[PDB]
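Novice: Sequence first, structure after, both from an experimental entry:
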Amino acid sequence: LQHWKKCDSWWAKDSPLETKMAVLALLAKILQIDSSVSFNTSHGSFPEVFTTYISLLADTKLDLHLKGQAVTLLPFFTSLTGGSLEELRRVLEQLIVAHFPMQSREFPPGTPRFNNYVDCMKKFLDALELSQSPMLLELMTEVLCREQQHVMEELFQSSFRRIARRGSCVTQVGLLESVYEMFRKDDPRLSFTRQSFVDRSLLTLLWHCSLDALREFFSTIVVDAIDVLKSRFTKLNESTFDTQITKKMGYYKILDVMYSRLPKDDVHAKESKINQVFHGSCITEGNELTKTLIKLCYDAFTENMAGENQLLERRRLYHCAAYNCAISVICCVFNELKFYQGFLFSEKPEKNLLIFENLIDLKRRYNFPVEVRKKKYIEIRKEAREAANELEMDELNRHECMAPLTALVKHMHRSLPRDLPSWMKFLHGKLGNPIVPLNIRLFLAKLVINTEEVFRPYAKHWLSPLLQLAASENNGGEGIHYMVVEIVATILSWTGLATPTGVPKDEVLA
Amino acid sequence: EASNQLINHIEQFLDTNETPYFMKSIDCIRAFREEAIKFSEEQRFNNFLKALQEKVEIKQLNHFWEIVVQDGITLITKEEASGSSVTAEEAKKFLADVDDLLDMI
């Protein structure tokens, strides 16, 4: 590190292209061989090798597959202080805005550009997997979220999963505050861009493995969410309207994820959570922010739209995210005798206060193909003859409400002969009625199909609506078979009980 | 076809808020400026310029409009046609029940 001036025909312009890679190899071995000493406060010949490191990846002469073997030694630098960090980010952004595809994978694959594109991006994530820098993450979460599925979304998710559990708590909070601050600011842009950050990145960061008790990002969000939520809606222009909805549903999703994987003590005991939302040591028991969010959460989906047609598809996502938040919070609170019916089903429609008619589509047709196993059919034949004489997402099961619904239904099974209150009888009033529209009946149909093991002992009530839906002709298609196959499969496998003969309308339906 | 392609590219480039993209987009409009001057396609020149002027009025594009008004992106300059020798005088004259359960938690 004392004779670097002797080799300046190498890393210059109008030099052969391979000697620059020789310089890169020398810098790699020398940096790896001693210590982390050539990174701060001008220890050795520090500003004379930093200029080599800058000009080797700032120049517009090397190739894209060659600057990857420069970007691979990023962890040796990204722990230093300010100053030249702006120069580093400036040459990085000058690389990205000039030698990437324009918006999102605008290139036919196999061509000699997608090759170098994945070559560079895999090395960026190679560096980011160990050098957990709260600088490099923002260099790529803005090239990602101009779309939905880059080409390699699973690479990004695997790397963020690898990042999230590392140890050293005091930089993960920096990652979280950095993405929440780049999501929270004004900087006016599209709702897809403004949503996909806390749809992908922060969600997989809080989801995968952060800590069981990482209450720091809990602490810096409490009086940050509810001031946004407890607002008005100014319906002048759509361009403020959609980002109002987007920040509100983002805060809903955030509170959902942090309420779900957090125990009852540090949310609802006399601790510094209620003592965080209120001022110091008060005499409250556990319920200061809970009722405050729950009243606006109940006000969210129970909201008629009898004269509004401006942007309603987004309010569908708003309402179902609200219902998701409600599920998660009544999960992670007291879990008493019966609150779920009154808080998630007690629709009083005399003033147009209903639930399902807002949060499902009632415009999109569900296709339900033919089929395109036999041991299942053979086995049910043998056992039914003896007695007598995860989930697959095709179209209906990925509708962003099914999995928490089945989760709370299983909870109500293993948590506590007339009937069950409202979470079954309300549905039987809305499934055994030929006045409810089609998609709600298909919704509750596949809900009972995925929860067939818990509506088993009430099949003497749950016989007519399933069979009526499978036989009555409004289901579209050819009289769809991918639903009636599973309906008759469950309705004949829970035999022994349910007595399928004995009512005349039941007989004519059969 | 490719003209519409770069039209969509400069719309998304001005929609995003990166500061080098402002100079990149002014490079794109200065490329299509000489292209629609020297290809004898003045109708596309003035019609696209009126449409993008309507777009920059209805949006803000504030700092990009600042580099425009220090750069100059205006209509057809010369005679509202393809042939004359008129300077930027046109440019500078156009731009001078359930309530019980809430407390029961």
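Specialist: Right, received. Where do you want to start? Numbering: from 1, shown residues only, chains lettered A, B, ... in the order given.
Novice: my read: residue B:10 touches residue B:31, true?
Specialist: No: the criterion here is C-beta atoms under 8 Å, and residue B:10 misses it with residue B:31 at 10.2 Å. (C-beta placed from N, C-alpha, C; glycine too.)
Novice: Longest helix in chain B, please.
Specialist: helix B:19-38 (DSSP state H).
Novice: what helices or strands is the helix or strand that that helix is followed by leaning on?
Specialist: As assigned by DSSP states H and E, the chain's next helix or strand after helix B:19-38 is helix B:42-58. Contacting helix B:42-58 under the criterion 3 or more C-beta pairs under 8 Å, 6 or more residues apart in numbering or on different chains; DSSP states H and E are the following elements: helix B:2-15, helix B:19-38, helix B:62-69.
Novice: any chance of those in CSV, with mean neighbour count and distance to chain A too?
Specialist: Converted to CSV, the helices and strands packed on helix B:42-58 look like this (neighbours: other C-beta atoms under 10 Å in any protein chain shown; distance: least, C-beta to the nearest C-beta, whole Å):
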stretch, mean neighbour count, distance to chain A
helix B:2-15, 14, 6
helix B:19-38, 15, 5
helix B:62-69, 14, 10
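Novice: dump the residue contacts of the closest residue to chain B within the stretch 51-200 of chain A.
Specialist: Closest residue of the stretch 51-200 of chain A to chain B, C-beta to the nearest C-beta: residue A:97 (5.2 Å). Counting by C-beta atoms under 8 Å, 6 or more residues apart in numbering or on different chains, residue A:97 makes contact with B:18, B:20-21, B:24.
Novice: for residue A:235, same thing?
Specialist: For residue A:235, the contacting residues are A:241, A:310, by C-beta under 8 Å, 6+ apart.
Novice: any idea how far it is from residue A:311?
Specialist: Separation of residue A:235 from residue A:311 (C-beta to C-beta, to the nearest Å) stands at 9 Å.
Novice: Please identify every residue contacting each of the two.
Specialist: Shared contacts of residue A:235 and residue A:311, counting by C-beta under 8 Å, 6+ apart, come down to residue A:241.
Novice: hmm, who's touching stretch A:193-200?
Specialist: So stretch A:193-200 is contacted by A:141, A:144-146, A:148, A:153, A:156-157, A:179-180, A:182-183, A:243, A:246-247, A:249-250, A:253-254, B:16 (C-beta under 8 Å, 6+ apart).
Novice: Let's see which of the residues you listed end up in helices.
Specialist: Among the contacts of stretch A:193-200, the ones falling in helices (DSSP H) are A:141, A:144, A:153, A:156-157, A:179-180, A:182-183, A:243, A:246-247, A:249-250, A:253-254.
Novice: And the furthest pair within these?
Specialist: A:157 and A:243 (25.6 Å; C-beta to C-beta).
Novice: Can you pick out the residue with more neighbours from these two?
Specialist: residue A:243 (18 against 14; other C-beta atoms under 10 Å in any protein chain shown).
Novice: doesn't residue A:187 make contact with the more buried one?
Specialist: No: with contact defined as C-beta under 8 Å, residue A:243 does not reach residue A:187; the gap is 10.6 Å.
Novice: Nearest residue to residue A:40 in space, ignoring adjacent ones along the chain?
Specialist: Nearest residue to residue A:40, sequence neighbours excluded (C-beta to C-beta, 6 or more residues apart in numbering or on different chains): residue A:80, at 5.7 Å.
Novice: Now residue B:94: closest residue in space, sequence neighbours ignored.
Specialist: Of all residues not flanking residue B:94 in the chain, residue B:74 sits nearest, at 5.4 Å (C-beta to C-beta, 6+ apart).
Novice: Chain A versus the one you found, what's the distance?
Specialist: Distance of residue B:74 to chain A, given as C-beta to the nearest C-beta, to the nearest Å: 26 Å.
Novice: Enumerate every residue touching whichever residue of chain B sits closest to chain A.
Specialist: In chain B, no residue comes nearer to chain A than residue B:105, which is 4.7 Å away by C-beta to the nearest C-beta. Contacts for residue B:105 were tallied using C-beta under 8 Å, 6+ apart; they are A:287, A:290-291, A:294, A:333-334.
Novice: hmm, the host helix or strand of residue A:325 in reach of chain B?
Specialist: Here residue A:325, judged by DSSP H and E, is contained in helix A:313-331. No: Helix A:313-331 lies out of reach of chain B by C-beta under 8 Å from any C-beta of the partner chain, never closer than 9.9 Å.
Novice: Show me how far the very next helix or strand once past that helix is from its chain's centre.
Specialist: Going down the chain from helix A:313-331, the next helix or strand is helix A:340-344, by DSSP H and E. Using C-alpha atoms, centre = their mean, to the nearest Å, the distance from the centre of helix A:340-344 to the centre of the chain it belongs to is 25 Å.
Novice: Touching helix A:340-344 from outside, list them.
Specialist: A:294, A:298, A:323, A:326-327, A:330, A:355, A:408, A:412, A:421-423, A:426, B:97-98, B:101.
Novice: What helices and strands are in contact with whichever helix or strand comes after that helix?
Specialist: Reading on from helix A:340-344 to the C-terminus, the next helix or strand found by DSSP H and E is helix A:356-359. With contacts taken as 3+ C-beta pairs under 8 Å, 6+ apart, helix A:356-359 sits against helix A:313-331, helix A:438-450.
Novice: Turn those into TSV, columns for mean neighbour count and distance to residue A:16.
Specialist: What follows is those, written out as TSV (neighbours: other C-beta atoms under 10 Å in any protein chain shown; distance: least, C-beta to C-beta, whole Å):
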stretch	mean neighbour count	distance to residue A:16
helix A:313-331	20	56
helix A:438-450	20	65
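Novice: So what's the residue count around whichever residue of chain A sits closest to chain B?
Specialist: In chain A, the residue that lies nearest chain B is residue A:287 (4.7 Å; C-beta to the nearest C-beta). Applying other C-beta under 10 Å, we find 17 residues neighbouring residue A:287.
Novice: Give me the distance between stretch A:418-427 and the centre of its chain.
Specialist: 31 Å.
Novice: Great, nothing more from me.
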